[PDB]
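Engineer: let's see this in three dimensions:
(2 chains, ligands or ions: 2)
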Amino acid sequence: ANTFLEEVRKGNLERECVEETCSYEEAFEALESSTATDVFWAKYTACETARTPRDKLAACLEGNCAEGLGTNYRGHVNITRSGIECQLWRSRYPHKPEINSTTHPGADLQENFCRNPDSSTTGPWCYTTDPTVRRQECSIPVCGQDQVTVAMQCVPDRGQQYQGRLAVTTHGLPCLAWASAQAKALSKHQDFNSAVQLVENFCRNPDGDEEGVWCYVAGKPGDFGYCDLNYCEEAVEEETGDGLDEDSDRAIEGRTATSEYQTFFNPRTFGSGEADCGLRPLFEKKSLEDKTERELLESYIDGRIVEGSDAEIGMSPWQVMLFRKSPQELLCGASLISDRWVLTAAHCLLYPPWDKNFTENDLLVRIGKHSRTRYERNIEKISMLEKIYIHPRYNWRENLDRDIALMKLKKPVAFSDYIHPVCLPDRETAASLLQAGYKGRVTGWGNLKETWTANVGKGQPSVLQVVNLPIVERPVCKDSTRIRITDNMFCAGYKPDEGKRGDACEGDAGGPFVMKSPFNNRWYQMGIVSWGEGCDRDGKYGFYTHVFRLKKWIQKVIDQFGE
Amino acid sequence: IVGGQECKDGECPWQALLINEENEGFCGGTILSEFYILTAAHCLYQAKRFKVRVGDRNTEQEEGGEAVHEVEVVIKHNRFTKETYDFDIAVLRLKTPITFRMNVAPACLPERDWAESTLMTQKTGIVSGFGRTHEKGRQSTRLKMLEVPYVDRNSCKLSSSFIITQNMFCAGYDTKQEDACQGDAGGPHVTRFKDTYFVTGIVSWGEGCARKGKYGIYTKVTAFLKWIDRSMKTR
Ligand SMILES: *[C@@H]1O[C@H](CO)[C@@H](O)[C@H](O)[C@H]1NC(C)=O
Ligand SMILES: *[C@@H]1O[C@H](CO)[C@@H](O)[C@H](O)[C@H]1NC(C)=O
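Structural biologist: Numbers count the residues shown, from 1 in each chain, chains lettered A, B, ... in the order given. Ligands and ions are numbered 1, 2, ... in the order given. Pasting the structure now:
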């Protein structure tokens, strides 16, 4: 070049770029690459107005600066203007982002760093970890100087012994008084624990209702709303028997059980269909050990290779599969306790701010079916809707927790051969299972996956993929998928091999994971499927909700017919 | 077949796909002769009607050599009890003659003394079948094979909450997720010796598929070689 001593020493980028000015071709030769030189020149351009002094240029080289829009920002900053930690950009929690990973990768988003997908005027932003704010703009300092481009309680036993006086719910609906005439009548209707109080419109729980703290709200007399509050997290596997006392040695497969069921509702308040759950009219009323898929636990010679290869008709008599007046599809998966009531999820009904195209005339039900086409009178029954009630722990700004709801049908309560509820007794035999290690199964049909993720190059299967996710310790759920787990939030899974489609997530919401017990003959349910991170995405743990916290409000639902 | 890779065309000829009423393999099959198929006797509790589609290489579609064969009668062990975990073996005499061709060649019995002195004394063993590609992953669309090593008796005993009888032996990995799984119901697991694969056994039960600390509970073929022959000549 200009100096002959330059060519005497072999090419080292320092001597051309720091000592003097390096052009495109000289920096290309010294760097032995074109894309690297282009990226270096872009980071160089980041300090076009900030090249002086040199530490400012070094700050541009490391980055951490986004003035103006910030879509080209590729730095390392977590702090927002408010100061809240940003949600993991790779993850999609705690809400549904309309900027999905398959539409706008233009942000170059990274889990630990802020980016700007929409090129916001204020700068790169992020969704807040906490549900207080929908999204917080990432306040990023300017290169070279310490200035920013844009200016900077748990409830005991789910309300059994709670004394909070909060009134506003998460969505915004005000609560009705617990002392109202309808609420006073419901006080006699629902057996309350003697050592609990209920006053005004506070989220109470006098009956041991493990739904968390919920308040009677306006509209339907008895409609329930949840005050916006945080809740703790617990673990179960760490305890051995305790007062359980069932056996001395260990045995996991090969157990038979026969017994009765203890109810939690007044028989006058629930009528027929109360003390018969957890069984099947065909398979379990005769109390006979049934075919291949349930044989996995009961067969002594078989614990890992059974593989019936099919899920014949009626294997899930207590699962619901919705239609809308839209082209035939399931909005939110659901399970059946009885023909009259369907336990749908609350996410689909009330996501948009306008709150429309989710109405009663749209939704239709069919239950206990291998495929969504075939139907007969004695298999299940269909009826119109009158009013749908939503969960006041959900909105477009909230964290989507406790996504469960119901639907008020017309024709009265009835059962069938392919219709039977599932029982939910206490933790005694659950501990027996935990210290005995028994296996279970989950059901569904596989359309909620289609609603939350899209399939390309392969049609959506109309048949449930009958593959099981066993019970795994809670931390495995916590680190496999990164959606926060509430107190009403269940977890399960297996030691996975990534890269393939979710094994039991092929299914719908509300898919009961039912699991055999040695003292009841009624296979136990532990989780109701909800919005899943690894479910709605590829090959990770599907989410459930704690059924132990979803088992007390059903009593008063049938009486509105008789009111 | 947790993990693993596809059987190359002809690599697993005795391996058969026991097609049930819906013609999807409810069990792993093993060609034995021109008229015989091998499966674990647990497969007898999972059947409405069933056939043997020998030569199948892909459950997605027919891709050559698929001949449908119908089981004449099952030779179930009379001492076969699920609780014993033992005699989980069902010889399937066929109505349709097995046509020895590409991907059709059985595995026959070696010397009982030599088999005991050599087969169960090997290092690793090869398992094949349209099995679950992972511990719970989807069933292998292609005919996928896998190799698993032998496990010491005491290791299997401590690794099992149940009995590890004089025959049953563990084979797999302590924590690595690779073994037979759902799809290898009676799925033929073999062992190479001078390119002649020898069926050293088939998983019966176990906690999960290649779980942590767990192994496939295989059946000692050398234990019942005399019974295997006597059931070859039975029915
Ligand atoms: C940002 O947060 C991540 C956690 O994902 C942490 O590892 C990283 O050090 C943080 N970086 C900055 C610049 O705050
Ligand atoms: C339902 O949503 C569609 C969008 O496809 C809209 O055009 C229609 O008006 C909606 N129905 C209403 C608002 O009643």
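Engineer: sticking with whichever residue of the stretch 351-500 of chain A sits closest to ligand 1, tell me its helix or strand.
Structural biologist: Going by CB to the nearest ligand atom, ligand 1 is nearest to residue A:482 of the stretch 351-500 of chain A, at 10.4 Å. Using the backbone N, CA and C atoms, a C-beta is placed for each residue, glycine as well. Assigned by DSSP states H and E, residue A:482 belongs to no helix or strand.
Engineer: quick check: closest non-adjacent residue to it.
Structural biologist: residue A:91 (4.8 Å; CB to CB, 6 or more residues apart in numbering or on different chains).
Engineer: could you do residue A:270 as well?
Structural biologist: residue A:555 (6.0 Å).
Engineer: the one you found: neighbouring residues, count only.
Structural biologist: For residue A:555, the neighbour count with other CB atoms under 10 Å in any protein chain shown is 20.
Engineer: re the thing from before, residues near the residue nearest to residue A:482, how many?
Structural biologist: 15.
Engineer: show me what the helix or strand that residue A:335 is a member of is packed against.
Structural biologist: Residue A:335 belongs to strand A:334-338 when assigned by DSSP H and E. Counting contacts by 3 or more CB pairs under 8 Å, 6 or more residues apart in numbering or on different chains; DSSP states H and E, strand A:334-338 packs against strand A:319-323, strand A:341-343.
Engineer: which residues in chain A form helices?
Structural biologist: Using DSSP state H, the helices of chain A run over A:4-8, A:13-17, A:24-31, A:35-45, A:54-62, A:181-189, A:267-270, A:292-298, A:428-434, A:448-452, A:474-480, A:533-536, A:559-562.
Engineer: in TSV: the ones you listed, plus mean neighbour count.
Structural biologist: Output for these, formatted as TSV (neighbours: other CB atoms under 10 Å in any protein chain shown):
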stretch	mean neighbour count
helix A:4-8	9
helix A:13-17	16
helix A:24-31	16
helix A:35-45	14
helix A:54-62	15
helix A:181-189	15
helix A:267-270	14
helix A:292-298	20
helix A:428-434	20
helix A:448-452	22
helix A:474-480	16
helix A:533-536	22
helix A:559-562	12
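Engineer: out of those, which is closest to residue A:150?
Structural biologist: Closest to residue A:150 of the helices of chain A is helix A:54-62 (CB to CB; 17.2 Å).
Engineer: is the closest one up against ligand 1 anywhere?
Structural biologist: No. Counting by CB under 6 Å from any ligand atom, ligand 1 is not contacted by helix A:54-62; separation bottoms out at 10.5 Å.
Engineer: OK, contacts around residue A:346?
Structural biologist: A:332, A:390-391, A:393-394, A:402-405 (CB atoms under 8 Å, 6 or more residues apart in numbering or on different chains).
Engineer: and the two most separated of these?
Structural biologist: That would be A:332 and A:393, which, of the contacts of residue A:346, are the farthest apart (CB to CB) at 14.6 Å.
Engineer: in chain B, which strand is the longest?
Structural biologist: strand B:67-76 (DSSP state E).
Engineer: give me the sheet partners of that strand and which way each runs.
Structural biologist: strand B:50-54 (antiparallel), strand B:90-94 (antiparallel) (DSSP bridges).
Engineer: which residues sit against that strand?
Structural biologist: B:19, B:35, B:37, B:41, B:44, B:50-55, B:90-99, B:104, B:231, B:234-235.
Engineer: show me just the buried residues among those residues.
Structural biologist: The neighbour count (16 or more other CB atoms under 10 Å in any protein chain shown) marks B:19, B:37, B:41, B:44, B:50-55, B:90-94, B:96, B:98, B:104, B:231 as buried among the contacts of strand B:67-76.
Engineer: for the closest residue to residue A:368 other than its chain neighbours, what are its contacts?
Structural biologist: Among residues not flanking residue A:368 along the chain, residue A:418 sits closest, at 3.4 Å (CB to CB, 6+ apart). Applying CB under 8 Å, 6+ apart to residue A:418 gives the contacts A:281-282, A:314, A:317, A:367-369, A:379-380.
Engineer: could you do residue B:92 as well?
Structural biologist: Contacts of residue B:92 by CB under 8 Å, 6+ apart are B:18, B:29, B:36-39, B:52, B:71-75.
Engineer: how about residue A:137?
Structural biologist: A:80-81, A:120, A:122-126, A:150.
Engineer: show residues contacting stretch A:23-34.
Structural biologist: For stretch A:23-34, using CB under 8 Å, 6+ apart, the contacting residues are A:1, A:11-13, A:15-17, A:22, A:37, A:40-41.
Engineer: would you list the residues you listed in CSV and tack on distance to residue B:137?
Structural biologist: Below are those laid out as CSV (distance: CB to CB, whole Å):
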residue, distance to residue B:137
A:1, 60
A:11, 51
A:12, 51
A:13, 48
A:15, 55
A:16, 54
A:17, 51
A:22, 53
A:37, 45
A:40, 44
A:41, 46
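Engineer: leaving out chain neighbours, which residue sits closest to residue 11?
Structural biologist: Looking at chain A here, since you left the chain open. residue A:30 (4.7 Å).
Engineer: not quite, I wanted chain B
Structural biologist: residue B:145 is the one closest to residue B:11 (CB to CB, 6+ apart), at 6.7 Å.
Engineer: on that earlier part again, got the phi and psi for the residue of the stretch 351-500 of chain A closest to ligand 1?
Structural biologist: Residue A:482 adopts backbone torsions of phi -110, psi 30, taken as degrees, to the nearest 10.
Engineer: related to what we said a few turns ago, could you list which of the contacts of residue A:418 belong to strands?
Structural biologist: Per DSSP E, the subset of the contacts of residue A:418 in strands is residue A:367.
Engineer: for ChimeraX, what selects the buried ones among the contacts of residue A:418?
Structural biologist: Here is the ChimeraX command that selects the buried residues among those (16+ other CB under 10 Å):
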select /A:314,317,367,368,369,379,380
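Engineer: tell me which of the contacts of residue A:418 is nearest to residue A:190?
Structural biologist: Distances from residue A:190 to the contacts of residue A:418, taken by CB to CB, are shortest for residue A:367, at 27.2 Å.
Engineer: which residues sit in contact with the closest residue to the closest one other than its chain neighbours?
Structural biologist: Residue nearest to residue A:367 in three dimensions, not counting chain neighbours: residue A:380, with 4.3 Å by CB to CB, 6+ apart. Counting by CB under 8 Å, 6+ apart, residue A:380 touches A:339, A:365-369, A:416, A:418-419.
Engineer: distance to residue B:205 for those - can I get that in TSV?
Structural biologist: Shown next, in TSV, are the contacts of residue A:380 (distance: CB to CB, whole Å):
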residue	distance to residue B:205
A:339	39
A:365	39
A:366	37
A:367	34
A:368	31
A:369	32
A:416	35
A:418	31
A:419	34
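Engineer: now the residue lying farthest from the centre of chain B: phi and psi?
Structural biologist: Distance to the chain centre peaks in chain B at residue B:158, reaching 24.2 Å (criterion: CA atoms, centre = their mean). Torsion angles at residue B:158 (phi, psi; degrees, to the nearest 10) stand at phi -70, psi -30.
Engineer: and if you look at residue B:117?
Structural biologist: Dihedral angles for residue B:117 - degrees, to the nearest 10 - are phi -80, psi -20.
Engineer: also residue A:155?
Structural biologist: Dihedral angles for residue A:155 - degrees, to the nearest 10 - are phi -120, psi 130.
Engineer: that one - how many residues pack around it?
Structural biologist: Residue A:155, neighbours per other CB under 10 Å, totals 21.
Engineer: how about residue 226, what does it touch?
Structural biologist: As the question left the chain open, I've gone with chain A. A:169-170, A:203, A:211-215, A:391-393, A:402.
Engineer: that's the wrong chain, I meant chain B
Structural biologist: residue B:112.
Engineer: run the chain-centre distance for stretch A:482-499.
Structural biologist: In terms of CA atoms, centre = their mean, to the nearest Å, the centre of stretch A:482-499 is set 9 Å apart from its chain centre.
Engineer: how near is residue B:20 to chain A?
Structural biologist: Distance, residue B:20 to chain A, by CB to the nearest CB, to the nearest Å: 6 Å.
Engineer: that residue bridge partners, please.
Structural biologist: With DSSP bridges as the rule, residue B:20 is bridged to residue B:50.
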